[PDB]
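Remarks on the structure that follows.
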Amino acid sequence: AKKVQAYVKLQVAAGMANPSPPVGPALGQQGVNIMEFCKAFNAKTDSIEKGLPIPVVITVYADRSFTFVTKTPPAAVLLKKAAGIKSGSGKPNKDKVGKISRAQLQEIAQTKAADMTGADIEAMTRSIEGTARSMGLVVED
Amino acid sequence: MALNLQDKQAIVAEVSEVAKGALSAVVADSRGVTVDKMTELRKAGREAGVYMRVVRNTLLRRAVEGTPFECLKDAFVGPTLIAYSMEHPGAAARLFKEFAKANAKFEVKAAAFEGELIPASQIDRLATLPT
Amino acid sequence: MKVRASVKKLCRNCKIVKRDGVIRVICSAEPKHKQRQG
Amino acid sequence: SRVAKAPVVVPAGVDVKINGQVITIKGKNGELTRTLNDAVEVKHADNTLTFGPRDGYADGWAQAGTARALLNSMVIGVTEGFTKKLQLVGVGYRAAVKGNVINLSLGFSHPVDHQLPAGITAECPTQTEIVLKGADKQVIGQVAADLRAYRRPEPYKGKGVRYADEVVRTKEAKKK
RNA sequence: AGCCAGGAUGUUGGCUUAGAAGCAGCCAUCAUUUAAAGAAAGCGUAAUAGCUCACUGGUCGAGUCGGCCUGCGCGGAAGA
C-alpha cells in the first residue's frame, strides 16, 4: 500500500460482492479495476468468516498494481458477531440490546489482536469494551 | 501545561529509572509519521512494553534541568531534536544497532544518533554485544 | 461586500481591521464574509 | 518591538550614510536611499544598525519596527536582489520584453505594453512567465501588482496573470 | 506568535446502514498506540480523498492570553 492519492478504506460487505450503492464509485472515482479485486478476494475468502461488515485498506501503485489490506470487522460490529444480536447504537446509552462477557468476547480477540495495531492484547479488547455501550451493549461481569 | 511541579514531575521522573539504568541513545523524526511510533514502540512492544521511553523533552533547560541528576555529560545534547531512549533489560541489549536499521527504516534521519555513556566513547559503532 | 451596522467574525479565518476609520472584516477563506461598518 | 530590538547586520562592502533622518545605502546590486520618519533614532555606532524611539513620540516603538524592516530588506536588496515571478495561465497569452518594456497579449483588442521603472530587469524564461529582478522590495511588488492588474485570475478557469506562488480558488458553473 | 516535524490505529462505527468513510441528520465520544493527534476542527467531495487544524516535538527567546469594571472617543448617521 502506497501513500494517499487513491488510498481508501472500504468494504461495506465482505460476503457480498461489489455493493454499488454502498461502494460503487467510492473507488471507481479513482478508477481501480475491482474485477481483479473481487475474485482475488474470493480466493482471500478461503479461511475466515462470511457475510459480515469486514473493512479493507486499499491503495494502488502507479501502473494499475493493486493492493488490499483487510483487517477484522469493526468493534462496533464485533458486538453483533460473538453475541448474536445484530443491532447497535441508534441512541446507545438508553438502548438495551444484550450482554456477553470478557471471557466470551475474547475468542475472536485471540486472532484479531495481532491484526490490530497494539502490543497490549488485554487492551485491544477494551477497544470493543468501550465501544459496547457506545453501541448500546452491556458487558457480562 | 499545568503549574510548576506538574511541569517538573516528569523531570524528577526523568532519572528515577535510569538511576538503575545505564545506557541510552537518541531518536527523532522531522519527517517520520505515527507509524514510526506505532511500530518502533512495537519494537518496545516486543522488548519490554510501554515505558521504553521515547519522551521528547530536550528543551533548553527542561532535560538540561534533568541532566545534572544522572549522566552529567549529556548537557551538550540540549540543542535540536533529541529524544532519550531509556532501556533497562540487558547490558548492551537488543536496541543498540537496530537504530542503524532505523536509519533506513521509515524515519529517514535519526538525528545523527551515536550513543553516549559506557562504550567510554563518542562516535564508534555499537557492535560488541553480549547477546 | 456586506455593508452592515454590526460586523462580526463569521469564519475562523475572518480578521478585523480598521482601515481609515472604518472597521472591515477580511476573510481569506471566504469572499462572502467581506464586511464593513460599525 | 521585537523586530525593533533585533538589529540588522550590514555585510561586507555595503555602505551606510546617516546624515540625520536620511539613510543612504550603497551596495553591489545598486544604491537605495530612504528617509525615515522623524520619530526613530537609528544609531550605527558599530558594525550593525540598531533602531530606537526618539523622544516624545508616542508611537516611537511603532515607527521603530517599520524603520528596521525597511532597512532590513533594503540591505538585502543591494546584496541579493529581490525576485518576483509571474505566470500567464490562459489560452493564447504571450509575454515578451523589449528593454524596459514588457509586451503582453492578454486576449484584448490591443496589446498592453507596460513600461518598467528605472531599477527593474524583467526577462522571459518562457513565453507564459514573467520573472523580474530589482533592488527595492517595494518597487518590484508594485510593478508585479500592475502586471497582475491587467488580467486578474478569474475564479473559473484560473485564466489571468498570477503570481507563481499564488494559489487560486476556483468555483463551479452554477448547475447547468 | 512564527519557523522545521508528526497529526494517526481500531473504524464505511452499527445507523437514515440508499452512503456519509474522523467531515448533513442520529446518539454515543470509549479503547489501541503514545512524543502526541480529536470514531474529529473546518474547507472541499454523489461517496472517499485532498487539505490544513487543534493536540504533540524542535528552534528562538521573553512576557503572553482572555474576560470584568470604568474615562474619553469611532461606526451606526440620508433632504430638499
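Here, A, B, ... name the chains of the C-alpha cells in the order displayed, residue numbers run from 1 inside each chain, and ligands are numbered from 1 in the same displayed order.
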
Starting from chain E, keep only residues with some atom at most 12 Å from an atom of chain D, counting only C-alpha atoms (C1' of nucleotides), and report them as a PyMOL selection string. chain E and resi 1+43-44+61-63

Output N, CA and C atoms (P, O5', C5', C4', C3', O3' and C1' of nucleotides) for every residue in that selection, as a PDB file, in the first residue's frame.
ATOM      1  P     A E   1       0.190  30.594  20.240  1.00  0.00           P
ATOM      2  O5'   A E   1       0.798  31.439  19.039  1.00  0.00           O
ATOM      3  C5'   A E   1       0.292  32.730  18.754  1.00  0.00           C
ATOM      4  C4'   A E   1       1.190  33.486  17.815  1.00  0.00           C
ATOM      5  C3'   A E   1       1.784  32.682  16.682  1.00  0.00           C
ATOM      6  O3'   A E   1       0.867  32.474  15.631  1.00  0.00           O
ATOM      7  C1'   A E   1       3.448  34.049  17.638  1.00  0.00           C
ATOM      8  P     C E  43     -17.060  24.779   6.820  1.00  0.00           P
ATOM      9  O5'   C E  43     -16.067  24.623   5.578  1.00  0.00           O
ATOM     10  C5'   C E  43     -15.394  25.749   5.029  1.00  0.00           C
ATOM     11  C4'   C E  43     -14.246  25.343   4.134  1.00  0.00           C
ATOM     12  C3'   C E  43     -14.606  24.554   2.886  1.00  0.00           C
ATOM     13  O3'   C E  43     -15.068  25.376   1.830  1.00  0.00           O
ATOM     14  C1'   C E  43     -12.731  23.569   3.952  1.00  0.00           C
ATOM     15  P     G E  44     -16.359  24.953   0.973  1.00  0.00           P
ATOM     16  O5'   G E  44     -15.841  23.754   0.058  1.00  0.00           O
ATOM     17  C5'   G E  44     -14.784  23.946  -0.872  1.00  0.00           C
ATOM     18  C4'   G E  44     -14.174  22.633  -1.295  1.00  0.00           C
ATOM     19  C3'   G E  44     -15.158  21.582  -1.782  1.00  0.00           C
ATOM     20  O3'   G E  44     -15.511  21.753  -3.143  1.00  0.00           O
ATOM     21  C1'   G E  44     -13.715  20.617  -0.185  1.00  0.00           C
ATOM     22  P     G E  61      18.121  33.402  21.405  1.00  0.00           P
ATOM     23  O5'   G E  61      17.507  34.262  22.596  1.00  0.00           O
ATOM     24  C5'   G E  61      16.960  35.551  22.366  1.00  0.00           C
ATOM     25  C4'   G E  61      15.517  35.586  22.779  1.00  0.00           C
ATOM     26  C3'   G E  61      15.252  35.748  24.269  1.00  0.00           C
ATOM     27  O3'   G E  61      15.195  37.117  24.633  1.00  0.00           O
ATOM     28  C1'   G E  61      13.979  33.943  23.407  1.00  0.00           C
ATOM     29  P     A E  62      15.443  37.609  26.144  1.00  0.00           P
ATOM     30  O5'   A E  62      14.555  38.926  26.253  1.00  0.00           O
ATOM     31  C5'   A E  62      13.531  39.047  27.230  1.00  0.00           C
ATOM     32  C4'   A E  62      12.196  38.666  26.655  1.00  0.00           C
ATOM     33  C3'   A E  62      10.972  38.974  27.500  1.00  0.00           C
ATOM     34  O3'   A E  62      10.522  40.313  27.326  1.00  0.00           O
ATOM     35  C1'   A E  62      10.803  36.808  26.502  1.00  0.00           C
ATOM     36  P     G E  63      10.354  41.326  28.565  1.00  0.00           P
ATOM     37  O5'   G E  63       8.864  41.116  29.098  1.00  0.00           O
ATOM     38  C5'   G E  63       7.724  41.342  28.278  1.00  0.00           C
ATOM     39  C4'   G E  63       7.127  40.022  27.876  1.00  0.00           C
ATOM     40  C3'   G E  63       5.690  39.960  27.398  1.00  0.00           C
ATOM     41  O3'   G E  63       5.534  40.379  26.051  1.00  0.00           O
ATOM     42  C1'   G E  63       6.159  38.133  28.829  1.00  0.00           C
TER      43        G E  63
END

Got a sec to pull out which chain B residues are within 10 Å of chain A, counting only C-alpha atoms, and send them as a PDB file with N, CA, C and O atoms, in the first residue's frame?
ATOM      1  N   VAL B  35       3.284   5.936  12.273  1.00  0.00           N
ATOM      2  CA  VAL B  35       3.591   4.520  12.119  1.00  0.00           C
ATOM      3  C   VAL B  35       5.017   4.222  12.579  1.00  0.00           C
ATOM      4  O   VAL B  35       5.333   3.080  12.934  1.00  0.00           O
ATOM      5  N   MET B  38       4.163   3.892  16.195  1.00  0.00           N
ATOM      6  CA  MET B  38       3.288   2.737  16.338  1.00  0.00           C
ATOM      7  C   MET B  38       4.053   1.426  16.213  1.00  0.00           C
ATOM      8  O   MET B  38       3.631   0.419  16.790  1.00  0.00           O
ATOM      9  N   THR B  39       5.190   1.427  15.514  1.00  0.00           N
ATOM     10  CA  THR B  39       5.947   0.207  15.271  1.00  0.00           C
ATOM     11  C   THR B  39       7.337   0.180  15.894  1.00  0.00           C
ATOM     12  O   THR B  39       7.832  -0.914  16.186  1.00  0.00           O
ATOM     13  N   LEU B  41       7.794   1.509  18.802  1.00  0.00           N
ATOM     14  CA  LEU B  41       7.405   1.128  20.149  1.00  0.00           C
ATOM     15  C   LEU B  41       6.640  -0.187  20.180  1.00  0.00           C
ATOM     16  O   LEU B  41       6.352  -0.692  21.269  1.00  0.00           O
ATOM     17  N   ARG B  42       6.272  -0.729  19.015  1.00  0.00           N
ATOM     18  CA  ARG B  42       6.007  -2.159  18.929  1.00  0.00           C
ATOM     19  C   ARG B  42       7.314  -2.934  18.969  1.00  0.00           C
ATOM     20  O   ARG B  42       7.341  -4.095  19.399  1.00  0.00           O
ATOM     21  N   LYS B  43       8.401  -2.300  18.519  1.00  0.00           N
ATOM     22  CA  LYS B  43       9.744  -2.745  18.872  1.00  0.00           C
ATOM     23  C   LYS B  43       9.931  -2.763  20.384  1.00  0.00           C
ATOM     24  O   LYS B  43      10.503  -3.710  20.938  1.00  0.00           O
ATOM     25  N   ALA B  44       9.452  -1.719  21.068  1.00  0.00           N
ATOM     26  CA  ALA B  44       9.348  -1.772  22.522  1.00  0.00           C
ATOM     27  C   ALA B  44       8.240  -2.714  22.974  1.00  0.00           C
ATOM     28  O   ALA B  44       8.312  -3.267  24.077  1.00  0.00           O
ATOM     29  N   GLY B  45       7.210  -2.903  22.146  1.00  0.00           N
ATOM     30  CA  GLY B  45       6.143  -3.840  22.458  1.00  0.00           C
ATOM     31  C   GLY B  45       6.566  -5.295  22.431  1.00  0.00           C
ATOM     32  O   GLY B  45       5.836  -6.152  22.940  1.00  0.00           O
ATOM     33  N   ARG B  46       7.721  -5.595  21.838  1.00  0.00           N
ATOM     34  CA  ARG B  46       8.318  -6.916  21.943  1.00  0.00           C
ATOM     35  C   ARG B  46       9.558  -6.937  22.830  1.00  0.00           C
ATOM     36  O   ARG B  46       9.997  -8.022  23.228  1.00  0.00           O
ATOM     37  N   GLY B  49       7.719  -3.444  26.680  1.00  0.00           N
ATOM     38  CA  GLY B  49       6.346  -2.999  26.784  1.00  0.00           C
ATOM     39  C   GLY B  49       6.217  -1.536  26.425  1.00  0.00           C
ATOM     40  O   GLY B  49       6.635  -1.114  25.344  1.00  0.00           O
ATOM     41  N   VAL B  50       5.641  -0.748  27.329  1.00  0.00           N
ATOM     42  CA  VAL B  50       5.331   0.640  27.008  1.00  0.00           C
ATOM     43  C   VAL B  50       6.510   1.558  27.319  1.00  0.00           C
ATOM     44  O   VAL B  50       7.004   2.274  26.440  1.00  0.00           O
TER      45      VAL B  50
END

Counting only C-alpha atoms (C1' of nucleotides), chain E residues within 8 Å of chain B, as a ChimeraX atom specification: /E:4-6,8,33-35,57-59

Pick from E:53, E:72, E:3, E:26: nearest to chain C, with only C-alpha atoms (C1' of nucleotides) counted? E:53

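We find CA of residue 90 (chain A) and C1' of residue 47 (chain E) to be spaced 22.1 Å apart.
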